[PDB]
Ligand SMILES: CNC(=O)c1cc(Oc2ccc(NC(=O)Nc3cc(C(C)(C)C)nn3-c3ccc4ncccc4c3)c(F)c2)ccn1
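In the form deposited without the ligand, a lone chain appears below as structure tokens.
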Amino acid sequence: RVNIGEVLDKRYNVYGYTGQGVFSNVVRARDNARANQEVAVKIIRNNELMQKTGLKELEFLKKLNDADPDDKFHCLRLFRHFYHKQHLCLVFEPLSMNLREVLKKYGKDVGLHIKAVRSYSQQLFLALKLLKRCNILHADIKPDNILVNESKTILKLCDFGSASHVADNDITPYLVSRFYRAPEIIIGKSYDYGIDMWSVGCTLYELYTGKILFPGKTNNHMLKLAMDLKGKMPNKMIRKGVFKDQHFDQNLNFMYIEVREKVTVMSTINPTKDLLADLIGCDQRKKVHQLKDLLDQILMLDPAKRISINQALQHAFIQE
């Protein structure tokens, strides 16, 4: 809703857009008060509840920035905030583009160089470590919410409008964006940092292949695709889920919805999905193997068997 050339807060001169995505306009400005240095300004919706979550996003970045004084854990750095025409405005460090758009600039299904993915994975885990340390769930990790500097060497985890503290975790199967939504959310089993880990694993595969790992059209389709990888969901797990019903029968069989309407029943699924295959189309192969193995250890259906952050950080794929 803002115009180019507009000066905001008597210092920020808006010279362009990063875009409307998707709950707030983010603009590029130069800051008169600081030698015309570049900033991003996120302008939150004119909106009764959009601003509630904007004030949320403010607090989470404070704690996260307070907790990372030397900024070494790769979360977006918030500078300050103000109000303009009844909009809360957040001022961030300037960052060129998100990984969604770098991936598009790489072309249909191409992916990033394995060097890049390797470096990015380490930065994302450092980010997961900083989050857990603060007892925060980011709860929407994917390429679209990861930003990078102009040189594309440093990434930052951004958009904390979905974030929450670990404790208040509501029981909704629609937490996190679908493609990156972990099985313990869908099923209704209690969850924590592991969902952020699951999401990272989802986007690492996407960073390297250029493809969405689990393009499920619904929660049922998601669980299906997950179990096409790790076989069926563990039984003790299936049972702890407040929504297990919606997805399994008392014989703990998976009820898979189809096309008109169909509802097949499966007692076991049997892994169909070849990660290592997908991670290649046509010493370099060395690392791709490691990455596959890394993806295998973080995409475990039971959160409790999922690789820890420090072990991820310590994994062979990272250590080169």
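Residue positions are given as counts along the sequence shown, with the first one as 1.
Quick note: we don't show the form deposited with the ligand bound, though the next part is all about it.
Quick one: the ligand borrowed from its pose in the entry with it bound and superimposed here by the pocket C-alphas, is it open or blocked (3 or more atoms within 2.4 Å of backbone/C-beta)?
This form leaves the site blocked.
Would residue 204 show up as a contact with the ligand in the entry with it bound if we use heavy atoms at 4.5 Å?
Output for residue 204 is no: heavy atoms all beyond 4.5 Å of the ligand.
Counting only non-hydrogen atoms and a 4.5 angstroms cut-off, does residue 47 reach the ligand in the entry with it bound?
No, no contact at 4.5 Å.
Just checking whether residue 131 would be counted as a contact of the ligand in the entry with it bound - the rule being heavy atoms within 4.5 angstroms.
Within the cut-off, so yes.
Under a 4.5 Å heavy atom criterion, is residue 290 part of the interface with the ligand in the entry with it bound?
Looking in the entry with it bound, residue contacts with the ligand do not include residue 290, since no heavy atom lies within 4.5 Å.
Could you work out which of 185, 200, 76, 223 is the residue within 4.5 angstroms of the ligand in the entry with it bound, going by heavy atoms?
Selected option: 76.
Exactly one of 67, 275, 257, 26 has a non-hydrogen atom within 4.5 Å of the ligand in the entry with it bound; which residue is it?
Of the listed residues, the single hit is 26.
Looking at 237 to 245, 210 to 218, 223 to 231, 154 to 162, which stretch has residues with any non-hydrogen atom within 4.5 Å of the ligand in the entry with it bound?
Answer to the contact question: 154 to 162.
Determine the residues of 27 to 62 with a heavy atom within 4.5 Å of the ligand in the entry with it bound and present them in sequence order; the list may be empty.
Contacting residues: 28, 38, 40, 42, 53, 56, 57, 60, 61.
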